[PDB]
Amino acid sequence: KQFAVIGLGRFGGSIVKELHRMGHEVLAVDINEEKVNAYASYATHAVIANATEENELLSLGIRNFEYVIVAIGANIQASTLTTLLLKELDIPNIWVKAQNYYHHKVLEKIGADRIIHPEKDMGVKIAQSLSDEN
């Protein structure tokens, strides 16, 4: 029902723009307001928070998003700690972007419903499109 994207880089911000362009409402959170301000026009609600902190997550109300996406970047701990925190919030679905075989492997066992490798996955998606192209 609900969609929450944590981390507004090229990936996360993109998935926030699309869900908007598709007519869905999104909660878009990040730690530096520059980012939050950059998507205020696309998110049904854009907030400034540190998703690694227990309390900010409750003032976020994340407890009620069927889907949450951890699209944080070059910072692996925040990523996992965040996915770890909310994993304990009982979020039915948490998808996380990954960049490490290591990272992937921990997320895997932490209980992440879906791990994403933009580069690898986009890879298969294209080979896919090539075959389709005839």
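For every residue, the number given is its place in the sequence shown, counted from 1. Each form is matched to the other, and the largest set of C-alpha atoms that superpose within 1.5 Å is called the rigid core.
Taking the root mean square of CA deviations in 5 other deposited structures of this protein after fitting on the rigid core, 7 to 15 and 122 to 130 differ, and the farther of the two is 122 to 130. In this entry, 96 to 104 shows the higher mean Cα temperature factor of the pair 22 to 30 and 96 to 104.
As the entry records it, the average C-alpha temperature factor is higher for 55 to 63, out of 55 to 63 and 40 to 48.
Among all modelled residues in its chain, residue 75 ranks in the highest third by Cα B-factor.
Annotation for residue 68: C-alpha temperature factor in the lowest third relative to the rest of the modelled chain, per the entry. Looking at the C-alpha B-factors along this chain, the one for residue 134 belongs to the highest third. Per the PDB record, residue ranking by Cα B-factor puts residue 115 in the lowest third of the chain.
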